[PDB]
Number of protein chains: 2
Amino acid sequence: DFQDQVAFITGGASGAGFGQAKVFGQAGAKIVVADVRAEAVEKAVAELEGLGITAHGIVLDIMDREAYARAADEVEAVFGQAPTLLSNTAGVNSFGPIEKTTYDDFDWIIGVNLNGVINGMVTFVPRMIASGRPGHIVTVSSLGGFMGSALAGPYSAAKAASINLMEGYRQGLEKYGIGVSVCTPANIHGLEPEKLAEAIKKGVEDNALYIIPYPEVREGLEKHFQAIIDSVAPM
Amino acid sequence: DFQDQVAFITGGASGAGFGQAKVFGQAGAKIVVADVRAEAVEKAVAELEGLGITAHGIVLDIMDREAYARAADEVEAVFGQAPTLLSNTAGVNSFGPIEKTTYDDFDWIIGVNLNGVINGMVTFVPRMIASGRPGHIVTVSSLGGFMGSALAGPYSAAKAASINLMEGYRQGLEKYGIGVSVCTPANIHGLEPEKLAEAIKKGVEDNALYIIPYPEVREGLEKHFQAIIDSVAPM
């Protein structure tokens with residue numbers, strides 16, 4: 001079903017990224033695990049190979065644009081083609097009062113959660129297009145991207161951008177047979193990494209723009225959106 | 001009504017920024033015009049002084065964090081206090097296919113429309129808090145911040161973040177008597193800079209979170225938001 005697909009997953013050495021490596025892997029995909037923790041990568045790929053998944057490990061900080069370019073080249077060297085599935089899953093956060101936020105807080109958190117995914121998009125989109133093969137791109141953002149917050153301020157803002165940015169690329173890339181989705185998990189008991197992974201794979205199959213496997217958030221989301229609509233000036 | 005308020009306006013040498021300088025100025029506010037075009041600043045302040053507004057000009061690229069800090073100091077030197085009104089209005093854009101976007105496109109556009117306003121917030125928020133005076137903060141974002149697009153991709157994403165970020169700071173700063181608003185103009189015939197300026201001043205008075213003086217967009221916004229709500233997994 002995903003046989004002879006190549007999937008490039010950031011933050012794939014853990015959590016939702018690893019879950020995706022596993023779930024896509026079990027469907028037949030060749031996996032590239034891109035993560036910044038060299039030790040965790042090593043482990044993650046051993047464990048994937050243990051499961052009969054063909055998997056390559058790339059230690060990478062997605063905030064480094066030129067290494068991200070080396071990786072992309074590396075992927076073509078190893079598997080003989082650019083990825084046909086890109087997953088921007090790597091994320092980081094830290095909690096505290098939004099007024100107390102510092103430049104380093106911003107650079108780190110905006111860095112991983114927004115600039116990282118831009119780097120992902122700029123690196124791979126032209127290669128995926130030049131391949132002339134169908135493809136797909138998923139970004140795991142966050143429910144916080146739909147609503148700013150006083151304790152996860154920088155994180156929420158970056159996620160709001162990555163959601164909006166995926167909305168854009170969906171429109172741009174449809175003409176290339178490349179679908180685009182954004183997953184917004186509820187991280188504000190809690191959906192397991194493999195359960196979320198299966199939701200994402202389903203969304204990829206369905207070519208869904210939004211992947212929101214949390215029936216419980218609907219009320220809150222409707223409320224937040226109505227508050228905006230109510231703000232529109234009459235008449 | 002705004003007498004003995006000090007207002008710091010980015011991109012105030014033109015368009016919606018200048019409109020605000022004028023409208024706040026005519027209400028009694030002392031104005032700081034912060035803009036990157038030294039010539040346009042000079043002109044803008046001459047024209048404000050011509051109108052009986054006390055106005056100071058600061059040539060500034062809001063992407064420079066340390067100059068933004070020099071400015072803030074400069075403001076306290078000139079008017080003897082930190083601003084009691086911050087307006088992050090400076091913006092830039094360029095149109096083209098989102099897949100063709102380049103790093104320089106991203107750095108410039110994310111730079112002004114998001115990083116600029118972060119720099120604005122980090123610089124002034126502590127000073128405004130330390131003043132122990134009531135205050136207010138407005139960011140002029142965009143309607144595109146509510147919905148990603150294939151031709152204004154980077155711009156829309158940055159604006160989505162600045163909206164979300166203001167949502168956050170509103171919550172954080174309420175306990176400090178500092179209100180926060182975000183204005184989202186429809187720039188996707190068109191509302192005049194002074195008309196938008198008056199809408200913003202009203203929103204500041206009303207302490208409104210959202211300032212959306214465009215009755216016509218309501219249908220589209222409701223539609224976009226419903227599409228998201230419809231994506232939430234049953235049950």
# chains A, B, ... in the order shown; residues from 1 in each chain; ligands from 1
call {"tool": "residues_around", "arguments": {"residues": "region 44-61 of chain A", "least_positions_apart": "3", "cutoff": "8 Å", "atoms": "only C-alpha atoms", "output": "PyMOL selection string"}}
result
chain A and resi 12-14+18+21-22+25-26+28-38+40-41+64+67-68+71
call {"tool": "interface_residues", "arguments": {"of": "chain B", "to": "chain A", "cutoff": "6 Å", "atoms": "only C-alpha atoms", "output": "list in words"}}
result
residues 148, 149, 150, 153, 157, 160, 161, 164, 165, 167, 168, 171, 172, 212, 213, 214, 215, 232, 233, 234 and 235 of chain B
call {"tool": "calpha_fit_and_write", "arguments": {"fixed": "chain B", "moving": "chain A", "output": "PDB file with C-alpha atoms, in the first residue's frame"}}
result
ATOM      1  CA  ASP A   1      -8.714  61.150  25.244  1.00  0.00           C
ATOM      2  CA  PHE A   2      -5.223  59.935  24.315  1.00  0.00           C
ATOM      3  CA  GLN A   3      -3.637  63.080  25.748  1.00  0.00           C
ATOM      4  CA  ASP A   4      -0.275  62.334  27.357  1.00  0.00           C
ATOM      5  CA  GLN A   5      -0.096  58.907  25.787  1.00  0.00           C
ATOM      6  CA  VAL A   6       3.053  57.931  23.913  1.00  0.00           C
ATOM      7  CA  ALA A   7       2.563  55.812  20.808  1.00  0.00           C
ATOM      8  CA  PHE A   8       5.318  53.861  19.017  1.00  0.00           C
ATOM      9  CA  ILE A   9       4.269  52.963  15.480  1.00  0.00           C
ATOM     10  CA  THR A  10       6.280  50.796  13.072  1.00  0.00           C
ATOM     11  CA  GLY A  11       5.885  51.417   9.346  1.00  0.00           C
ATOM     12  CA  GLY A  12       4.426  54.693  10.534  1.00  0.00           C
ATOM     13  CA  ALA A  13       5.982  56.675   7.689  1.00  0.00           C
ATOM     14  CA  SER A  14       3.227  55.398   5.403  1.00  0.00           C
ATOM     15  CA  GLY A  15      -0.116  53.707   4.856  1.00  0.00           C
ATOM     16  CA  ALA A  16      -1.919  52.312   7.892  1.00  0.00           C
ATOM     17  CA  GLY A  17       0.942  53.228  10.199  1.00  0.00           C
ATOM     18  CA  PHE A  18       0.872  56.888   9.183  1.00  0.00           C
ATOM     19  CA  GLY A  19      -2.904  56.887   9.397  1.00  0.00           C
ATOM     20  CA  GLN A  20      -2.578  55.757  13.012  1.00  0.00           C
ATOM     21  CA  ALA A  21       0.056  58.390  13.753  1.00  0.00           C
ATOM     22  CA  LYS A  22      -2.405  60.933  12.507  1.00  0.00           C
ATOM     23  CA  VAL A  23      -5.518  59.597  14.190  1.00  0.00           C
ATOM     24  CA  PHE A  24      -3.840  58.937  17.529  1.00  0.00           C
ATOM     25  CA  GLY A  25      -1.996  62.254  17.182  1.00  0.00           C
ATOM     26  CA  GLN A  26      -5.217  64.182  16.640  1.00  0.00           C
ATOM     27  CA  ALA A  27      -6.543  62.581  19.816  1.00  0.00           C
ATOM     28  CA  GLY A  28      -3.640  63.992  21.838  1.00  0.00           C
ATOM     29  CA  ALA A  29      -0.988  61.283  21.662  1.00  0.00           C
ATOM     30  CA  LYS A  30       2.696  62.006  21.318  1.00  0.00           C
ATOM     31  CA  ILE A  31       3.914  59.976  18.359  1.00  0.00           C
ATOM     32  CA  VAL A  32       7.075  58.037  17.610  1.00  0.00           C
ATOM     33  CA  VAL A  33       7.366  57.190  13.913  1.00  0.00           C
ATOM     34  CA  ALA A  34       9.575  54.152  13.483  1.00  0.00           C
ATOM     35  CA  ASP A  35      10.262  53.236   9.867  1.00  0.00           C
ATOM     36  CA  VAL A  36      13.195  51.946   7.875  1.00  0.00           C
ATOM     37  CA  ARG A  37      13.068  54.628   5.142  1.00  0.00           C
ATOM     38  CA  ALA A  38      14.887  57.614   6.669  1.00  0.00           C
ATOM     39  CA  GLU A  39      13.579  60.014   4.035  1.00  0.00           C
ATOM     40  CA  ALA A  40       9.973  58.870   4.426  1.00  0.00           C
ATOM     41  CA  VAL A  41      10.226  59.221   8.198  1.00  0.00           C
ATOM     42  CA  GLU A  42      11.500  62.790   7.926  1.00  0.00           C
ATOM     43  CA  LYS A  43       8.623  63.680   5.647  1.00  0.00           C
ATOM     44  CA  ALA A  44       6.082  61.863   7.793  1.00  0.00           C
ATOM     45  CA  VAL A  45       7.046  63.733  10.982  1.00  0.00           C
ATOM     46  CA  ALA A  46       7.185  67.137   9.217  1.00  0.00           C
ATOM     47  CA  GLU A  47       3.642  66.439   8.120  1.00  0.00           C
ATOM     48  CA  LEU A  48       2.582  65.436  11.631  1.00  0.00           C
ATOM     49  CA  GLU A  49       4.148  68.531  13.146  1.00  0.00           C
ATOM     50  CA  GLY A  50       2.335  70.527  10.471  1.00  0.00           C
ATOM     51  CA  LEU A  51      -0.841  69.101  12.032  1.00  0.00           C
ATOM     52  CA  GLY A  52       0.058  70.172  15.572  1.00  0.00           C
ATOM     53  CA  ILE A  53       1.132  66.682  16.630  1.00  0.00           C
ATOM     54  CA  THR A  54       4.231  66.278  18.761  1.00  0.00           C
ATOM     55  CA  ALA A  55       6.157  63.640  16.847  1.00  0.00           C
ATOM     56  CA  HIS A  56       9.632  62.092  16.888  1.00  0.00           C
ATOM     57  CA  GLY A  57      11.217  60.161  14.044  1.00  0.00           C
ATOM     58  CA  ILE A  58      13.333  57.045  14.411  1.00  0.00           C
ATOM     59  CA  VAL A  59      14.876  55.360  11.426  1.00  0.00           C
ATOM     60  CA  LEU A  60      14.724  51.662  12.288  1.00  0.00           C
ATOM     61  CA  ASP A  61      14.764  48.192  10.837  1.00  0.00           C
ATOM     62  CA  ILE A  62      12.672  46.204  13.301  1.00  0.00           C
ATOM     63  CA  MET A  63      14.584  43.078  12.264  1.00  0.00           C
ATOM     64  CA  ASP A  64      17.609  44.524  14.138  1.00  0.00           C
ATOM     65  CA  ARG A  65      17.093  43.559  17.777  1.00  0.00           C
ATOM     66  CA  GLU A  66      19.781  45.780  19.228  1.00  0.00           C
ATOM     67  CA  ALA A  67      18.714  48.900  17.320  1.00  0.00           C
ATOM     68  CA  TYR A  68      15.164  48.155  18.426  1.00  0.00           C
ATOM     69  CA  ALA A  69      16.609  48.363  21.926  1.00  0.00           C
ATOM     70  CA  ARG A  70      18.394  51.651  21.143  1.00  0.00           C
ATOM     71  CA  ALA A  71      15.117  53.064  19.850  1.00  0.00           C
ATOM     72  CA  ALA A  72      13.232  52.076  23.012  1.00  0.00           C
ATOM     73  CA  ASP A  73      15.906  53.844  25.026  1.00  0.00           C
ATOM     74  CA  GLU A  74      15.703  56.790  22.627  1.00  0.00           C
ATOM     75  CA  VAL A  75      11.953  57.017  23.233  1.00  0.00           C
ATOM     76  CA  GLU A  76      12.447  57.224  26.977  1.00  0.00           C
ATOM     77  CA  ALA A  77      15.079  59.915  26.498  1.00  0.00           C
ATOM     78  CA  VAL A  78      12.870  62.087  24.286  1.00  0.00           C
ATOM     79  CA  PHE A  79       9.486  61.674  26.020  1.00  0.00           C
ATOM     80  CA  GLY A  80      10.682  60.677  29.476  1.00  0.00           C
ATOM     81  CA  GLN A  81       8.855  57.346  29.549  1.00  0.00           C
ATOM     82  CA  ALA A  82       8.312  54.114  27.684  1.00  0.00           C
ATOM     83  CA  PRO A  83       5.455  54.011  25.170  1.00  0.00           C
ATOM     84  CA  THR A  84       1.966  53.462  26.538  1.00  0.00           C
ATOM     85  CA  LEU A  85       0.830  52.365  23.084  1.00  0.00           C
ATOM     86  CA  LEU A  86       2.700  49.984  20.795  1.00  0.00           C
ATOM     87  CA  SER A  87       1.612  49.428  17.210  1.00  0.00           C
ATOM     88  CA  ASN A  88       3.340  46.759  15.156  1.00  0.00           C
ATOM     89  CA  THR A  89       2.141  47.838  11.731  1.00  0.00           C
ATOM     90  CA  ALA A  90       5.195  47.519   9.491  1.00  0.00           C
ATOM     91  CA  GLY A  91       4.663  44.893   6.810  1.00  0.00           C
ATOM     92  CA  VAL A  92       5.956  43.702   3.451  1.00  0.00           C
ATOM     93  CA  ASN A  93       4.931  41.167   0.841  1.00  0.00           C
ATOM     94  CA  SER A  94       5.629  39.778  -2.589  1.00  0.00           C
ATOM     95  CA  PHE A  95       3.464  37.533  -4.748  1.00  0.00           C
ATOM     96  CA  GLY A  96       4.366  34.279  -6.426  1.00  0.00           C
ATOM     97  CA  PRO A  97       3.783  30.499  -6.395  1.00  0.00           C
ATOM     98  CA  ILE A  98       4.350  29.123  -2.904  1.00  0.00           C
ATOM     99  CA  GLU A  99       6.422  26.154  -4.292  1.00  0.00           C
ATOM    100  CA  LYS A 100       8.854  28.604  -5.893  1.00  0.00           C
ATOM    101  CA  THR A 101       9.517  30.344  -2.602  1.00  0.00           C
ATOM    102  CA  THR A 102      13.161  30.744  -1.620  1.00  0.00           C
ATOM    103  CA  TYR A 103      14.964  31.162   1.682  1.00  0.00           C
ATOM    104  CA  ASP A 104      15.486  34.865   1.028  1.00  0.00           C
ATOM    105  CA  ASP A 105      11.753  35.233   0.318  1.00  0.00           C
ATOM    106  CA  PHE A 106      11.107  33.553   3.706  1.00  0.00           C
ATOM    107  CA  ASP A 107      13.695  35.465   5.711  1.00  0.00           C
ATOM    108  CA  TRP A 108      12.533  38.850   4.388  1.00  0.00           C
ATOM    109  CA  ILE A 109       8.811  38.241   4.708  1.00  0.00           C
ATOM    110  CA  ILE A 110       8.813  36.202   7.934  1.00  0.00           C
ATOM    111  CA  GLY A 111      11.444  38.625   9.116  1.00  0.00           C
ATOM    112  CA  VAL A 112       9.280  41.741   8.869  1.00  0.00           C
ATOM    113  CA  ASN A 113       5.834  40.294   9.435  1.00  0.00           C
ATOM    114  CA  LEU A 114       6.672  37.934  12.394  1.00  0.00           C
ATOM    115  CA  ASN A 115      10.206  38.413  13.724  1.00  0.00           C
ATOM    116  CA  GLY A 116       9.740  42.166  13.634  1.00  0.00           C
ATOM    117  CA  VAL A 117       6.755  41.993  15.916  1.00  0.00           C
ATOM    118  CA  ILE A 118       8.463  39.537  18.271  1.00  0.00           C
ATOM    119  CA  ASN A 119      11.319  42.037  18.511  1.00  0.00           C
ATOM    120  CA  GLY A 120       8.686  44.686  19.213  1.00  0.00           C
ATOM    121  CA  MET A 121       7.107  42.615  21.968  1.00  0.00           C
ATOM    122  CA  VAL A 122      10.329  41.512  23.654  1.00  0.00           C
ATOM    123  CA  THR A 123      11.728  45.030  23.595  1.00  0.00           C
ATOM    124  CA  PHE A 124       8.759  46.934  24.987  1.00  0.00           C
ATOM    125  CA  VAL A 125       6.637  44.544  27.109  1.00  0.00           C
ATOM    126  CA  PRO A 126       8.992  44.548  30.081  1.00  0.00           C
ATOM    127  CA  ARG A 127       9.395  48.349  29.943  1.00  0.00           C
ATOM    128  CA  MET A 128       5.637  48.884  29.687  1.00  0.00           C
ATOM    129  CA  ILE A 129       5.194  46.558  32.662  1.00  0.00           C
ATOM    130  CA  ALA A 130       7.929  48.279  34.671  1.00  0.00           C
ATOM    131  CA  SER A 131       6.252  51.621  34.007  1.00  0.00           C
ATOM    132  CA  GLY A 132       3.296  50.417  36.062  1.00  0.00           C
ATOM    133  CA  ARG A 133       1.048  52.421  33.756  1.00  0.00           C
ATOM    134  CA  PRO A 134      -1.970  51.110  31.817  1.00  0.00           C
ATOM    135  CA  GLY A 135      -1.185  50.521  28.180  1.00  0.00           C
ATOM    136  CA  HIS A 136      -2.144  48.834  24.965  1.00  0.00           C
ATOM    137  CA  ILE A 137      -0.605  46.851  22.083  1.00  0.00           C
ATOM    138  CA  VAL A 138      -1.922  46.473  18.550  1.00  0.00           C
ATOM    139  CA  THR A 139      -0.531  44.424  15.743  1.00  0.00           C
ATOM    140  CA  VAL A 140      -1.797  44.980  12.255  1.00  0.00           C
ATOM    141  CA  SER A 141      -1.721  41.501  10.820  1.00  0.00           C
ATOM    142  CA  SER A 142      -3.954  40.379   7.961  1.00  0.00           C
ATOM    143  CA  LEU A 143      -7.061  38.480   7.014  1.00  0.00           C
ATOM    144  CA  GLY A 144      -4.643  36.116   5.264  1.00  0.00           C
ATOM    145  CA  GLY A 145      -3.502  35.085   8.710  1.00  0.00           C
ATOM    146  CA  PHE A 146      -6.791  33.221   9.035  1.00  0.00           C
ATOM    147  CA  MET A 147      -6.307  31.266   5.808  1.00  0.00           C
ATOM    148  CA  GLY A 148      -3.177  30.117   4.004  1.00  0.00           C
ATOM    149  CA  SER A 149      -2.754  30.859   0.311  1.00  0.00           C
ATOM    150  CA  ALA A 150      -0.769  29.641  -2.646  1.00  0.00           C
ATOM    151  CA  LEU A 151       0.334  33.115  -3.852  1.00  0.00           C
ATOM    152  CA  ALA A 152       0.922  34.862  -0.523  1.00  0.00           C
ATOM    153  CA  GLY A 153       2.180  31.801   1.344  1.00  0.00           C
ATOM    154  CA  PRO A 154       5.005  33.177   3.528  1.00  0.00           C
ATOM    155  CA  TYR A 155       3.091  36.389   4.242  1.00  0.00           C
ATOM    156  CA  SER A 156      -0.067  34.579   5.323  1.00  0.00           C
ATOM    157  CA  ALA A 157       1.874  32.245   7.588  1.00  0.00           C
ATOM    158  CA  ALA A 158       3.649  35.061   9.370  1.00  0.00           C
ATOM    159  CA  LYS A 159       0.364  36.897   9.858  1.00  0.00           C
ATOM    160  CA  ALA A 160      -1.272  33.735  11.228  1.00  0.00           C
ATOM    161  CA  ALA A 161       1.508  33.581  13.795  1.00  0.00           C
ATOM    162  CA  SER A 162       1.226  37.265  14.767  1.00  0.00           C
ATOM    163  CA  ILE A 163      -2.515  36.841  15.245  1.00  0.00           C
ATOM    164  CA  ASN A 164      -1.952  33.756  17.425  1.00  0.00           C
ATOM    165  CA  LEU A 165       0.837  35.494  19.281  1.00  0.00           C
ATOM    166  CA  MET A 166      -1.427  38.473  20.102  1.00  0.00           C
ATOM    167  CA  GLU A 167      -4.106  36.074  21.293  1.00  0.00           C
ATOM    168  CA  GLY A 168      -1.499  34.821  23.734  1.00  0.00           C
ATOM    169  CA  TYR A 169      -0.235  38.169  24.967  1.00  0.00           C
ATOM    170  CA  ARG A 170      -3.760  39.419  25.582  1.00  0.00           C
ATOM    171  CA  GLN A 171      -4.166  36.616  28.089  1.00  0.00           C
ATOM    172  CA  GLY A 172      -0.741  37.227  29.616  1.00  0.00           C
ATOM    173  CA  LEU A 173      -0.952  40.994  29.942  1.00  0.00           C
ATOM    174  CA  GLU A 174      -4.527  41.524  31.152  1.00  0.00           C
ATOM    175  CA  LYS A 175      -3.275  41.200  34.719  1.00  0.00           C
ATOM    176  CA  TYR A 176      -1.054  44.226  34.002  1.00  0.00           C
ATOM    177  CA  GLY A 177      -3.819  46.519  32.757  1.00  0.00           C
ATOM    178  CA  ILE A 178      -2.302  46.256  29.285  1.00  0.00           C
ATOM    179  CA  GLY A 179      -4.810  45.365  26.590  1.00  0.00           C
ATOM    180  CA  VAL A 180      -3.840  43.629  23.364  1.00  0.00           C
ATOM    181  CA  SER A 181      -5.563  43.712  19.955  1.00  0.00           C
ATOM    182  CA  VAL A 182      -4.856  42.415  16.474  1.00  0.00           C
ATOM    183  CA  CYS A 183      -6.161  44.102  13.330  1.00  0.00           C
ATOM    184  CA  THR A 184      -6.694  41.861  10.313  1.00  0.00           C
ATOM    185  CA  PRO A 185      -7.257  43.963   7.157  1.00  0.00           C
ATOM    186  CA  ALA A 186      -8.580  42.413   3.942  1.00  0.00           C
ATOM    187  CA  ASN A 187      -5.590  42.666   1.587  1.00  0.00           C
ATOM    188  CA  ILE A 188      -5.870  39.450  -0.517  1.00  0.00           C
ATOM    189  CA  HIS A 189     -11.812  49.474  -3.645  1.00  0.00           C
ATOM    190  CA  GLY A 190     -10.303  48.467  -0.299  1.00  0.00           C
ATOM    191  CA  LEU A 191     -10.506  50.304   3.034  1.00  0.00           C
ATOM    192  CA  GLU A 192      -8.611  53.629   3.177  1.00  0.00           C
ATOM    193  CA  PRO A 193      -5.651  54.005   5.593  1.00  0.00           C
ATOM    194  CA  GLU A 194      -7.451  56.641   7.671  1.00  0.00           C
ATOM    195  CA  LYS A 195     -10.675  54.624   7.802  1.00  0.00           C
ATOM    196  CA  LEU A 196      -8.670  51.596   9.021  1.00  0.00           C
ATOM    197  CA  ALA A 197      -6.835  53.897  11.462  1.00  0.00           C
ATOM    198  CA  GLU A 198     -10.129  55.011  13.018  1.00  0.00           C
ATOM    199  CA  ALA A 199     -11.237  51.369  13.298  1.00  0.00           C
ATOM    200  CA  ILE A 200      -8.036  50.557  15.167  1.00  0.00           C
ATOM    201  CA  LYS A 201      -8.434  53.463  17.590  1.00  0.00           C
ATOM    202  CA  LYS A 202     -11.968  52.286  18.276  1.00  0.00           C
ATOM    203  CA  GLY A 203     -10.698  48.785  18.933  1.00  0.00           C
ATOM    204  CA  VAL A 204      -8.115  50.205  21.320  1.00  0.00           C
ATOM    205  CA  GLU A 205     -10.804  52.106  23.186  1.00  0.00           C
ATOM    206  CA  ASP A 206     -13.080  49.065  23.206  1.00  0.00           C
ATOM    207  CA  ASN A 207     -10.170  46.792  24.205  1.00  0.00           C
ATOM    208  CA  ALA A 208     -11.203  44.419  21.439  1.00  0.00           C
ATOM    209  CA  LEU A 209      -9.105  41.351  20.747  1.00  0.00           C
ATOM    210  CA  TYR A 210      -9.952  41.299  17.036  1.00  0.00           C
ATOM    211  CA  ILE A 211     -10.368  44.349  14.791  1.00  0.00           C
ATOM    212  CA  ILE A 212     -12.013  43.283  11.551  1.00  0.00           C
ATOM    213  CA  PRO A 213     -13.768  46.307   9.974  1.00  0.00           C
ATOM    214  CA  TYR A 214     -14.803  44.444   6.817  1.00  0.00           C
ATOM    215  CA  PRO A 215     -18.413  43.168   7.036  1.00  0.00           C
ATOM    216  CA  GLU A 216     -17.980  41.446   3.664  1.00  0.00           C
ATOM    217  CA  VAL A 217     -15.498  38.733   4.781  1.00  0.00           C
ATOM    218  CA  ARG A 218     -17.825  37.123   7.319  1.00  0.00           C
ATOM    219  CA  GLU A 219     -19.258  34.500   4.949  1.00  0.00           C
ATOM    220  CA  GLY A 220     -15.819  33.358   3.815  1.00  0.00           C
ATOM    221  CA  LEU A 221     -14.413  33.211   7.327  1.00  0.00           C
ATOM    222  CA  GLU A 222     -17.388  31.167   8.588  1.00  0.00           C
ATOM    223  CA  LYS A 223     -16.867  28.781   5.699  1.00  0.00           C
ATOM    224  CA  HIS A 224     -13.139  28.317   6.290  1.00  0.00           C
ATOM    225  CA  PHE A 225     -13.694  27.677   9.973  1.00  0.00           C
ATOM    226  CA  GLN A 226     -16.496  25.185   9.367  1.00  0.00           C
ATOM    227  CA  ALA A 227     -14.211  23.169   7.093  1.00  0.00           C
ATOM    228  CA  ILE A 228     -11.850  22.791  10.035  1.00  0.00           C
ATOM    229  CA  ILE A 229     -14.656  21.886  12.456  1.00  0.00           C
ATOM    230  CA  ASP A 230     -15.967  19.320   9.965  1.00  0.00           C
ATOM    231  CA  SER A 231     -12.498  17.717  10.026  1.00  0.00           C
ATOM    232  CA  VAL A 232     -12.715  16.849  13.726  1.00  0.00           C
ATOM    233  CA  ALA A 233     -13.032  13.061  14.099  1.00  0.00           C
ATOM    234  CA  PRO A 234     -16.315  11.725  15.378  1.00  0.00           C
ATOM    235  CA  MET A 235     -17.683  10.987  17.841  1.00  0.00           C
TER     236      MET A 235
END
call {"tool": "select_by_dssp", "arguments": {"residues": "chain B", "states": "strand (DSSP E or B)", "output": "ChimeraX atom specification"}}
result
/B:6-10,30-35,55-59,85-88,135-140,178-183,210-212,232
call {"tool": "select_by_dssp", "arguments": {"residues": "region 50-209 of chain A", "states": "helix (DSSP H, G or I)", "output": "ChimeraX atom specification"}}
result
/A:65-79,98-100,103-131,143-146,153-176,193-206
call {"tool": "decode", "arguments": {"residues": "region 160-172 of chain A", "atoms": "N, CA, C and O atoms", "output": "PDB file, in the first residue's frame"}}
result
ATOM      1  N   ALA A 160       0.642  27.811  14.578  1.00  0.00           N
ATOM      2  CA  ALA A 160      -0.384  28.509  13.801  1.00  0.00           C
ATOM      3  C   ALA A 160       0.163  28.804  12.418  1.00  0.00           C
ATOM      4  O   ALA A 160      -0.524  28.636  11.417  1.00  0.00           O
ATOM      5  N   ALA A 161       1.423  29.211  12.360  1.00  0.00           N
ATOM      6  CA  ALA A 161       2.062  29.474  11.076  1.00  0.00           C
ATOM      7  C   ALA A 161       2.211  28.203  10.232  1.00  0.00           C
ATOM      8  O   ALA A 161       1.998  28.242   9.011  1.00  0.00           O
ATOM      9  N   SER A 162       2.592  27.086  10.861  1.00  0.00           N
ATOM     10  CA  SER A 162       2.850  25.867  10.088  1.00  0.00           C
ATOM     11  C   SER A 162       1.523  25.325   9.570  1.00  0.00           C
ATOM     12  O   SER A 162       1.455  24.808   8.459  1.00  0.00           O
ATOM     13  N   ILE A 163       0.462  25.459  10.353  1.00  0.00           N
ATOM     14  CA  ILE A 163      -0.865  25.136   9.837  1.00  0.00           C
ATOM     15  C   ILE A 163      -1.167  25.997   8.604  1.00  0.00           C
ATOM     16  O   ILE A 163      -1.469  25.477   7.536  1.00  0.00           O
ATOM     17  N   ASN A 164      -1.079  27.314   8.755  1.00  0.00           N
ATOM     18  CA  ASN A 164      -1.392  28.226   7.655  1.00  0.00           C
ATOM     19  C   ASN A 164      -0.526  27.928   6.445  1.00  0.00           C
ATOM     20  O   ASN A 164      -1.000  27.859   5.322  1.00  0.00           O
ATOM     21  N   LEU A 165       0.751  27.719   6.692  1.00  0.00           N
ATOM     22  CA  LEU A 165       1.677  27.396   5.622  1.00  0.00           C
ATOM     23  C   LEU A 165       1.298  26.107   4.867  1.00  0.00           C
ATOM     24  O   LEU A 165       1.441  26.041   3.638  1.00  0.00           O
ATOM     25  N   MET A 166       0.806  25.090   5.578  1.00  0.00           N
ATOM     26  CA  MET A 166       0.375  23.865   4.909  1.00  0.00           C
ATOM     27  C   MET A 166      -0.879  24.127   4.096  1.00  0.00           C
ATOM     28  O   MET A 166      -1.069  23.537   3.027  1.00  0.00           O
ATOM     29  N   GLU A 167      -1.754  24.984   4.622  1.00  0.00           N
ATOM     30  CA  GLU A 167      -2.969  25.330   3.901  1.00  0.00           C
ATOM     31  C   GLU A 167      -2.569  25.879   2.543  1.00  0.00           C
ATOM     32  O   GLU A 167      -3.200  25.579   1.528  1.00  0.00           O
ATOM     33  N   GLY A 168      -1.476  26.634   2.531  1.00  0.00           N
ATOM     34  CA  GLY A 168      -1.013  27.290   1.321  1.00  0.00           C
ATOM     35  C   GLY A 168      -0.443  26.290   0.341  1.00  0.00           C
ATOM     36  O   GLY A 168      -0.800  26.289  -0.841  1.00  0.00           O
ATOM     37  N   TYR A 169       0.441  25.433   0.837  1.00  0.00           N
ATOM     38  CA  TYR A 169       1.129  24.471  -0.015  1.00  0.00           C
ATOM     39  C   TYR A 169       0.204  23.419  -0.616  1.00  0.00           C
ATOM     40  O   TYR A 169       0.467  22.900  -1.703  1.00  0.00           O
ATOM     41  N   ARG A 170      -0.848  23.071   0.114  1.00  0.00           N
ATOM     42  CA  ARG A 170      -1.882  22.207  -0.432  1.00  0.00           C
ATOM     43  C   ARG A 170      -2.381  22.789  -1.739  1.00  0.00           C
ATOM     44  O   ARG A 170      -2.390  22.111  -2.771  1.00  0.00           O
ATOM     45  N   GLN A 171      -2.790  24.057  -1.689  1.00  0.00           N
ATOM     46  CA  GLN A 171      -3.265  24.733  -2.884  1.00  0.00           C
ATOM     47  C   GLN A 171      -2.201  24.766  -3.976  1.00  0.00           C
ATOM     48  O   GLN A 171      -2.504  24.530  -5.140  1.00  0.00           O
ATOM     49  N   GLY A 172      -0.957  25.051  -3.615  1.00  0.00           N
ATOM     50  CA  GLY A 172       0.087  25.172  -4.617  1.00  0.00           C
ATOM     51  C   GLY A 172       0.429  23.857  -5.288  1.00  0.00           C
ATOM     52  O   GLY A 172       0.673  23.811  -6.493  1.00  0.00           O
TER      53      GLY A 172
END
